[PDB]
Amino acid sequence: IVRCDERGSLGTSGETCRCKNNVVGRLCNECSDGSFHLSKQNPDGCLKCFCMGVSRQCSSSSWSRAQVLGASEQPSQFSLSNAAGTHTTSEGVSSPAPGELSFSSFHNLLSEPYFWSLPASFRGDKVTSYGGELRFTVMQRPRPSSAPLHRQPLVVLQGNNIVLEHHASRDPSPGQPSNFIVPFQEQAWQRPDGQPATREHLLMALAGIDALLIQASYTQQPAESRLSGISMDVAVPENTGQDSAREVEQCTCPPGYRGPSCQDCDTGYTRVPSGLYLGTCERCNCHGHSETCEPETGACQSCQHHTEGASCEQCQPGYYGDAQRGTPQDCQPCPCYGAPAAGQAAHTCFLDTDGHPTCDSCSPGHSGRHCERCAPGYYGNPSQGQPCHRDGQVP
């Protein structure tokens, strides 16, 4: 007899093992090419590596599980929002105990559903939340004649131009707290039109969470809404003593990418919108004056060689030249004599169209491109330290 692997086998001809879709080997105990994390619960045996489309090589993260807790945020950081995020308020939100929130002022809001909008520690890059859960407790009361609402999402996840919803199996009953456990697994989420979420789309949304909304209204005319015991799974590189985040892919990324799913541009690289998944990462364009830049916007950082601008494309105040040429000596200091105009502190000058500098903050009474002479009805010689005073005055 051959003992087929319970995790990766669909069944057995007694001497042959029949494998799940993403499983290989005699005993159906190995992940296929581009797959990882064999588990009995996965009908395919193993997850497909996604890696934001830039790699097929990955295995289970060694990062440890941890939780973002509601109680670790100030009450002021929570708010209510409509689904579209066009109508939001904190007015009326209070905390009757640590990480517990309460709202009972629906009369001030429009006739539409509202959601608790989780604050920033629950958003941003949460690819590591994949395979974990969002846990929370809700309690709600409607007004006396409130029409129930049908098929409203319990949770809405918005990120990277993707919207996904989770619907509960049961609505919370009036006046009594319901515990929910929402898995970050594609089977538990749908698009707004009720089409199933894909792994790819869930991961893309998780990688750049813009909003994570929990239903606060429930009925057409709510009286009271409460939220507590909020816990969101993540993973961290530090050892926590919890289980490792095996459902989280750790990709081998190509040059230019980092993060477990290759979801971030690496040092020296920045996002190009090139339109598959999140886009690509290409080298910073800093005209040779920096090798570092904002990963998502491209804005160069710590421009060298007395340059500045989003692509280090300009010489700083007090210098001149063509910073786009790309050399360390693009920008030379301004050869301007005397004190600046408008009692200002630095001289400015620019590279004129003849290839030579022209000073454009000379003092009154100063003439010439270097502020080097004095103007008619003025006297002095700035090239020899002397300033310009008007004829007739002292000395």
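Residue numbers run from 1 along the displayed sequence.
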- prompt: Out of 348 to 356 and 361 to 369, which stretch has the higher average CA B-factor listed in the record?
  reply: 361 to 369
Residue range whose averaged C-alpha B-factor is higher in the record, 87 to 95 or 152 to 160: 87 to 95
field: Residue, from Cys49, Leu27, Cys31, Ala339, that the PDB entry assigns the highest Cα B-factor
entry: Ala339
statement: The residue of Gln329, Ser60, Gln57, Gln67 with the maximal C-alpha B-factor according to the PDB record is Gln329
query: Compared with the other modelled residues in the chain, in which third is the CA B-factor of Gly241?
result: lowest
- request: Name the third of the chain's ranked CA B-factors that contains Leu206, choosing lowest, middle or highest.
  value: lowest
Entry-reported Cα temperature factor of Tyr277, expressed as the chain third it lands in: middle
query: Thinking about Cα B factors across the chain, which third does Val23 belong to?
result: lowest
- prompt: Going by the entry, which third of its chain does the Cα temperature factor of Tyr130 land in?
  reply: lowest
